[PDB]
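Remarks on the structure that follows.
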Amino acid sequence: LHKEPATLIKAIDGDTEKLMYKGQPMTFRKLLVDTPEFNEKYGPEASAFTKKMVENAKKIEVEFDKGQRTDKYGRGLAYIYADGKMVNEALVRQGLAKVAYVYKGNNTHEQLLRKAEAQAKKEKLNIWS
Ligand SMILES: Cc1cn([C@H]2C[C@H](OP(=O)(O)O)[C@@H](COP(=O)(O)O)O2)c(=O)[nH]c1=O
Ligand SMILES: [Ca+2]
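Structure, rendered in structure tokens:
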């Protein structure tokens, strides 16, 4: 897989940012994860964690997997990196998302995120508390 450039247009919630990619505005949805929505428990904390991570980053990058690159809503599907740190992975690691929506051929980082969730679950972090 390879990292490609984008710039933050706006942090939306745990699951999504609007990013500019190849010069065009797009909503991106994070592969392999599910954060609580805003009114659910840890929903606000997930959005704050993502917002801070992507807003403080000097460099935002997107990384597509082998399969579908846009979902049925036209959202880009990618792993998102903030100064080289994967945001998808860091949400799970922190107990602010679960590994979810693991589809065949779009799941290269499945095992890496499942390990992160195991540790968050072991530390009883947030969602796992
Ligand atoms: C993460 C992800 C979601 N989706 C679709 C499936 C779900 O459909 P439905 O809207 O029909 O449930 C929806 C979940 O996204 P959200 O968790 O952002 O709602 O997005 C994909 O098709 N591919 C993906 O990789
Ligand atoms: Ca969600």
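The sequence shown maps to residues 63 to 101, 108 to 197 in mature numbering (1 follows the signal peptide of the UniProt record, and there is no 0).
Virtual Cβ for every residue (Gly too), placed ideally from N, Cα, C.
ask   = Can you give the beta carbon distance from residue 162 to residue 186, rounded, assuming they're within the 8 Å contact cut?
value = Contact flag wrong, Cβ pair sits at about 13 Å.
Hey, which unbroken runs of the beta strand (DSSP E) at 3 residues or more fall wholly within the stretch 143-169? 144-150
**Message:** Between the alpha carbons of residue 131 and residue 63, how many angstroms are there, rounded?
**Reply:** 7 Å
- Message: With H, G and I counted as helix, E and B as strand and the rest as coil, what does DSSP make of residue 114?
- Response: helix
How big is the Cα-Cα spacing for residue 94 and residue 173? 12 Å
task = Could you say which of 150, 159 and 169 lies nearest to residue 196 if we only look at CA atoms?
result = 159
Q: Go ahead and label residue 68 buried or exposed: buried means 16 or more other beta carbons lie within 10 angstroms of its beta carbon, across all protein chains shown.
A: buried
- request: May I ask you to report which of helix, strand or coil DSSP gives residue 178?
  value: helix
- Message: Determine whether the beta carbon atoms of residue 122 and residue 79 lie at a separation below 8 Å.
- Response: yes
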